[PDB]
Structure formats: structure tokens, C-alpha cells
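The chain below stands alone and is given as C-alpha cells, in the form deposited without its partner chain.
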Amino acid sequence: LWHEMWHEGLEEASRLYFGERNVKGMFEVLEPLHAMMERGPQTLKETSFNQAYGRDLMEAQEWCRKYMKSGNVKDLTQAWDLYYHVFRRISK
């Protein structure tokens, strides 16, 4: 569940974004993953996952939601810094 799903989706969303320049597909893979989180931590691993990446992923999503109001990719370059930061850590 949580660490695995985020590592697979974030690869996929970046494939869509950086490889296929597809912002709608990127937000489509990502947004359901942001939703399961709303729930909140509840298991040992979901509690440590939330503690290192929760604040970070919440912030990425707000640059994505800042984007939808500005149409400016700088917002998305900012989202992906945080996204890739989480991804490095979910593999180390």
C-alpha cells in the first residue's frame, strides 16, 4: 500500500509529464494518491510515511493547484522538486 503506490504512480506521472508533456494524465495518476492520504496515517508504515513525506506531498499538490489558477509551469517545476525529493527517499 502507501510507499509502494506512491513510488509507482510518481514514476508514471513523470513519464506522462516529462516524457509526454501531458499535464492532465500526470494530475490523473497523482490526485487519487493524494486523496487516500486525507484519511490519515493509521498503520506503523503509514505513520512513518506521513511523518517524512506528508507535509511535502501536501505542498506539491498546492503548487499543482496554484498552477490551475496561473497556467505557469514554474509552479509545476516546484511541485516536481518536492515530488522527486519524496521519490529519492522512498527508494533509499
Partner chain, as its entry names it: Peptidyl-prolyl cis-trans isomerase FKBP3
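Only residues modelled in both forms are compared. Only the largest set of C-alpha atoms that superpose within 1.5 Å between the two forms is called the rigid core. Positions refer to the first chain, counted from 1.
Another form exists, deposited with its partner chain bound; not displayed. Remarks below refer to it.
K.L.:
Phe18, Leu76 and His85: each with a heavy atom within 4.5 Å of its partner chain in the bound PDB entry?
P.N.:
Affirmative, all three are within 4.5 Å.
K.L.:
Taking 4.5 angstroms as the cut-off for heavy atoms, does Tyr67 touch its partner chain in the bound PDB entry?
P.N.:
Heavy-atom contact with its partner chain at 4.5 Å: present for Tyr67.
K.L.:
Report the moving segments between the shown form and the other one: consecutive residues, 3 or more per run, each with a CA shift of 2 Å or more after superposition on the core, given in sequence order.
P.N.:
Run shifting 2 Å or more: just 71 to 74.
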